[PDB]
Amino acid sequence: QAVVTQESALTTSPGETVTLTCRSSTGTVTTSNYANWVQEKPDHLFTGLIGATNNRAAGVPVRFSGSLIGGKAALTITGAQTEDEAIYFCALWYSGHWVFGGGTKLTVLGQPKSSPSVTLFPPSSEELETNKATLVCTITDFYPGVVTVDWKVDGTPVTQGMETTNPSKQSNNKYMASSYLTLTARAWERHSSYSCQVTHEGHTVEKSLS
């Protein structure tokens, strides 16, 4: 069946006009796909915004609109507002089946950009005793909510044994995330350098341990 794809993330500022798109792998979106746009806000709260390509639901602010553009469905927000920072999913109807896209994380700059505060922790003596070693890299206070984390052991990029959480919203509306590097206590004793690199808005913050 179809694969539906949407922009992963967009950043806009309040008062501007943003457009999000939704494409089918099938080829071309049409009116008989009844494209829908569903908003997701914090605490897993879903609200249908637009359905049947361009029909707006009741109570949805007028600045949201749907249309078909170049073979794709689109949602435009004219006058994006601060409460619009949220995740937007599109769903395409395939004669009885709904198929959803991956969702776009839309940021609406509601505060100055803030660089991540990064802290890298060594495995503790007590976990070493169990023959395992967890490196924890904590990243907080970042805005916008998208980061990239890379690990290096002795200068070589790590390609397995790592797991990063999805950015989650803090009390102050900045975001946070965690990353873990899981080794064996032998492995931890065989390498000298460990580095956690966090890439946010074109800048790299790195924290290393020997």
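Note that residue numbering begins at 1 and tracks the sequence as displayed.
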Report task. Could you settle it for me: does 151-159 or 23-31 have the higher average Cα B factor in the PDB entry? Result -> 23-31
Report summary line: Per the PDB entry, mean CA B-factor is higher for 138-146 or 40-48, namely for 40-48
Report summary line: Scanning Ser179, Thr53, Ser65, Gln170 for peak Cα temperature factor in the entry gives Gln170
Query raised in the report: What third of its chain's C-alpha B-factors does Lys72 belong to: lowest, middle or highest?
Result: middle
Query raised in the report: Compared with the other modelled residues in the chain, in which third is the CA B-factor of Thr104?
Result: lowest
Report summary line: Quick tally, chain-level thirds of C-alpha B-factors: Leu10 sits in the middle
